[PDB]
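> Let me begin by handing over the structure; questions about it come next.
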Amino acid sequence: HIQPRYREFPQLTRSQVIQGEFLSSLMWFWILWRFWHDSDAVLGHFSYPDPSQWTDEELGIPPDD
Amino acid sequence: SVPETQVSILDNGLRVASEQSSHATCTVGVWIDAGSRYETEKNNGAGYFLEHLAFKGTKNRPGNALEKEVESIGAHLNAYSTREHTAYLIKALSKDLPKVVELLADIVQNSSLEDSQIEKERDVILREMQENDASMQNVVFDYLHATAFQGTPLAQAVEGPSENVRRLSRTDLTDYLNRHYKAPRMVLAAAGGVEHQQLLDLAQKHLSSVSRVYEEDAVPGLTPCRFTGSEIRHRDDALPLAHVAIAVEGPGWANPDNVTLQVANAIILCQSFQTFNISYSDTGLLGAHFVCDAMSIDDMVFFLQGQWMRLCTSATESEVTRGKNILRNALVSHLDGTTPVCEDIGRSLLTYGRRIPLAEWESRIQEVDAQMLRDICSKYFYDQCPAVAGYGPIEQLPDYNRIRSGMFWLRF
Amino acid sequence: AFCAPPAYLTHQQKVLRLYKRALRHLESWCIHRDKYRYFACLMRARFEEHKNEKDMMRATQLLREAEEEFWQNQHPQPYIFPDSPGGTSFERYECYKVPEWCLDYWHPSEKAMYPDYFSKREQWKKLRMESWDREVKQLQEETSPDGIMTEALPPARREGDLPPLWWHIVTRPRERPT
Amino acid sequence: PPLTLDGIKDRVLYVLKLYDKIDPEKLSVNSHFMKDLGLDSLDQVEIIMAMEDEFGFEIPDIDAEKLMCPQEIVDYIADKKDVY
Amino acid sequence: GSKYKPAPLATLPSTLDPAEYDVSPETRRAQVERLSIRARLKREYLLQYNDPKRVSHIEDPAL
Amino acid sequence: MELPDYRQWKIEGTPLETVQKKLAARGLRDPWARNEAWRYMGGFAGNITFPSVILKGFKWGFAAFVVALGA
Amino acid sequence: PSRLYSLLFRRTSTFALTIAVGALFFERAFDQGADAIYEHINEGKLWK
């Protein structure tokens, strides 16, 4: 049970602050841990080919005529 | 070098304006923002019948006492009523300035309506209405107002229907008196040999405590009217001459292009043919009142219409200069006489809220050229539906299609 | 909700009740506080001027153009408090406001418990019947001498008499039954 | 907690003591806002509104055109939230 | 400058109603009277519903 | 329940003061500003920045990450 | 639209210009639309 406060910053219990920082910090540990172990958020890990560098031999573009 | 019109305001709200000049015959006058526009068809002749009775008997001056006083100093007592304003004015000497103001105070408050007097007036008003029909141009302008402002309080007349005149109760009158005679809607205007400080003193002593509070907060309010293009054709072939008025909607008091429209009227066959710019608040009727024998109304209409279009399409600088010179000689001033100057103040404080000096009028006249005149005339005359009122042998007066269509030149 | 509605509204109460809707509809636009408290003392200015207009006509022409300025400059979702109309918690705890004339059909077993409760309840019901006569008579002896009647009801005016038509302003189901 | 009157009483007193126009050393319950504290009617609209925001509910218009003693506010608020 | 435009639905609010702002003495007389009819009817419901010693059904004949 | 001394509240030192000064430039006195002071007065006085909320606990979160990464 | 009256209906000259120009194009549209109909109504029977 807590006490009503008038025009003052409600007093906070030890647990309220620790649990809150706990959940948030694990969120950040998880984001950092996965980013390091699995950074395929960017680039996936397969590079897009430049469709405009395929030698005409590659695609079967006959010699014009 | 014209002396400025100085305006003060009393707690009551009534505005005790004034003006001063070498003259010694001042015209003191109370103007009230109360006319037939503020009546609600159950008291359509209350302002007129109070005007007829106001002079005849006041509580302090019983019976004809007032008219005696006014005789004793040789002063002249006049009153008039329009659709928007009521005026009670006295022309007197300068040295009789206090008592005149006191007399005016009685006339606006402490007035006594003797039920007997009420009756006597009923006769006077009814009979005159019964003979007023004689004045044709009044009949034609009333018909024009009725057909142009159908369904609004601006169609009715200052006189009001005969019925309302017959049926009036000291109490009804009392109401109109106690309702539309409020101090903030009142101007005490003085012109001529008067001092403003002396008039301001006199104002408080005799014109203070003018009512200002309405009953149960039945604070009146007003309706922007509609201009219903329509015609009225009172045919009576026994009359020797025909009177025809054609008008369009006017801009109002506060719209400055009125000045330009006045110049247009100054630019403008059938006997009398006067142009007019009736301008009520928030609306008016620009137009013409031409009398004519039955066989020439037709042509006249065409001529009139022609002139207008010419002013919408082919206005030149020479006729604009002539109209400006003609307007600049309608300026009201001490040379116009006190009563006229008196009246202006009252109307200027009631309508504009201030007295517009003649230098500002001259500036607004000289800024008018031909291009803005034909622009404003095309705004107000070209392709507009007019209101037509005819009285007399008006069979050859064209009907509404010929008039309206004539308002647009197929050649522009 | 307590006092009775006046027949017609004055000029004042119409102006002074805009000062409320207006300022309260300015705190939906100004979500913050310093911005609000600022933009509002500027509002009063608007009402502060044109305070002494004596020209009624004018006054009712500033009011009529104020309430149209306001209607077009109002917030669609203003801040209406809970327990106030429209907003939530308005009729929330009304499911639990039973009307108190229902404890009269309770089984003698139920009312057996809660014993002192009904001992005081029977006192109050004696108060109610003990004055209906002096009340209605009061309501009548003090009746209007004219057809002008407002819903306002009279106070007591004598010792022992219970200010009238009171059984339902007192004995009202409590607001939060919880 | 539930609102005891002697508290609600102090709370309404307090807020006024923070309104600059109302002297902080005179506002005394039973000191009519307008004829004693000499506050404009326009003010009373606000004084009430502050209270509506201190106690979180709306004092209806008709019932609030009369919250002028600085006490009527203290029993009306209490009578509203059923504080005995 | 959009003017609110009452439709059969979304009607003209109380404010923004020209009629309400300006009213003749007669109008006030009406309102001052209509309250009477309501006050009368109100003081015919309020001392018959608040009547001890009553079991019969208040009828609400208007329904 | 005791209540903080009404005097405690003052407009200086809070955003109300800058609103107070511009209102004073117009000549208005901003009367109820003192009531709205405890908002900015103390405890709740510090400005809250958007990165601060999104990054709450990041400091230990990364500290935790490094350690785990080590082991 | 009050732009119309001011741009098309107001001056007889303008009132005309719009008529003539519109008519000039109307024929194109009418003929095209009408032909579409006629043909479809008898789509099968026509040279091609």
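Protein chains in written order, with full-length UniProt numbering: chain A, 39 to 103; chain B, 44 to 311, 337 to 480; chain C, 2 to 179; chain D, 72 to 155; chain E, 3 to 65; chain F, 20 to 90; chain G, 7 to 54.
We put the CB at the ideal spot given by N, CA and C, even for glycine.
1) Could you check whether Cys445(B) and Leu395(B) sit closer than 8 angstroms to each other, using their CB atoms as the reference points?
2) Could you give the uninterrupted runs of the beta strand (DSSP E) lying entirely in the region 49–127 of chain B, keeping only those of 3 residues or more?
3) Report the residues of the region 159–175 of chain C with a CB closer than 9 angstroms to any CB of chain E, ordered along the chain.
4) List in chain order: all unbroken alpha helix (DSSP H) runs of 4+ residues lying wholly within the UniProt domain "Carrier" (77–152) of chain D.
5) Could you check where the alpha helix (DSSP H) with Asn181(B) kicks off and where it finishes?
6) Could you tell me which chain C residues have their CB closer than 7 angstroms to the CB of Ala52(F), listed as they occur along the chain?
7) Could you give the distance in angstroms between the alpha-carbon of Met130(C) and the alpha-carbon of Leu19(C)?
8) For a cutoff of 8 angstroms on Cβ pairs, would you count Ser26(E) as touching chain C?
9) Kindly provide the ranges of any beta strand (DSSP E) runs that are 3 or more residues long and lie completely inside the region 345–400 of chain B, ordered along the chain.
10) Where does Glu123(C) land, buried or exposed, given buried means 16+ other C-beta within 10 angstroms?
11) Sorted by chain position, which residues of the same chain lie with C-beta nearer than 6 angstroms to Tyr450(B)'s C-beta, five sequence neighbours on each side aside?
12) Can you tell me which residues form a DSSP beta bridge with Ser154(B)?
13) Name the chain F residues that come within less than 7 angstroms of residue 17(A), Cβ to Cβ?
14) Which residues bound the alpha helix (DSSP H) around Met229(B)?
15) For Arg479(B), decide whether its Cβ has a neighbour in chain G, counting only Cβ atoms nearer than 8 angstroms.
16) Just curious, the alpha helix (DSSP H) that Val38(F) is in, first and last residue?
17) When you compare only the Cα positions, how much space is there between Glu95(C) and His169(C)?
18) Do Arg255(B) and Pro227(B) count as a contact pair if the criterion is CB distance below 8 angstroms?
19) Of the choices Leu17(C), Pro174(C), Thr144(C), whose alpha-carbon is the least far from that of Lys98(C)?
20) Identify whether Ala148(B) lies in helix, strand or coil by the three-state DSSP scheme.
21) Helix, strand or coil: which one does DSSP assign to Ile289(B)?
22) Straight-line CA distance for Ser340(B) to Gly293(B)?
23) Just to confirm the assignment, what range does the beta strand (DSSP E) spanning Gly458(B) have?
24) Is any beta-carbon of chain C found at less than 8 angstroms from that of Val72(F)?
25) For the alpha helix (DSSP H) holding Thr419(B), just list the boundary residues, first then last.
26) So residue 330(B) is in the beta strand (DSSP E); what residue range does that whole segment cover?
27) At a CB-CB cut-off below 7 angstroms, which residues of chain C make contact with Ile133(D)?
28) Taking C-beta to C-beta, are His223(B) and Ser61(B) nearer than 8 angstroms?
29) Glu274(B) lies in the alpha helix (DSSP H); which residues open and close that run?
30) From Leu93(B) to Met363(B), what does the alpha carbon distance come to, in whole angstroms?
31) Can you have a look at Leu354(B) and say buried or exposed, based on whether 16 or more other CB atoms are within 10 angstroms of its CB?
32) Using beta-carbon positions only, say whether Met179(B) and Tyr459(B) come within less than 8 angstroms of one another.
33) List the residues that DSSP assigns as beta-bridge partners of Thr343(B).
34) Does chain F have any CB closer than 8 angstroms to the CB of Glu117(D)?
35) Specify, as a first and last residue, the run of the alpha helix (DSSP H) that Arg158(C) falls within.
36) DSSP state of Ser26(E), grouped into three classes?
Let me spell this out:
1) no
2) 70–75, 119–124
3) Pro165, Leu166, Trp167, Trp168, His169
4) 112–125, 132–135, 143–151
5) 179–191
6) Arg38
7) 45 angstroms
8) No, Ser26(E) does not count as interfacial toward chain C.
9) For the region 345–400 of chain B, whole beta strand (DSSP E) runs of length 3 or above, ordered along the chain, are 351–360.
10) Exposed, by the Cβ-count rule.
11) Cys380
12) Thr101(B)
13) In the structure as shown, chain A starts at 39 and stops at 103, and residue 17(A) therefore has no counterpart that could be examined.
14) Premise fails: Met229(B) lies in the beta strand (DSSP E), 229–234, not in any alpha helix (DSSP H).
15) yes
16) 34–45 is the span of the alpha helix (DSSP H), which, as asked, contains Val38(F).
17) Distance between the alpha carbons of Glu95(C) and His169(C): 16 angstroms.
18) yes
19) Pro174(C)
20) helix
21) strand
22) Cα-Cα distance, rounded: 22 angstroms.
23) 455–460
24) no
25) 406–419
26) Position 311 is followed directly by 337 in chain B, which means residue 330(B) is not present among the coordinates.
27) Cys4, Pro6
28) no
29) Taken as a continuous stretch (DSSP letters only), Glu274(B) belongs to no alpha helix (DSSP H), being part of the beta strand (DSSP E) at 274–278.
30) 43 angstroms
31) buried
32) yes
33) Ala356(B)
34) At least one chain F Cβ lies under 8 angstroms of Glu117(D).
35) First-last for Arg158(C): undefined, no H or E at that position.
36) coil
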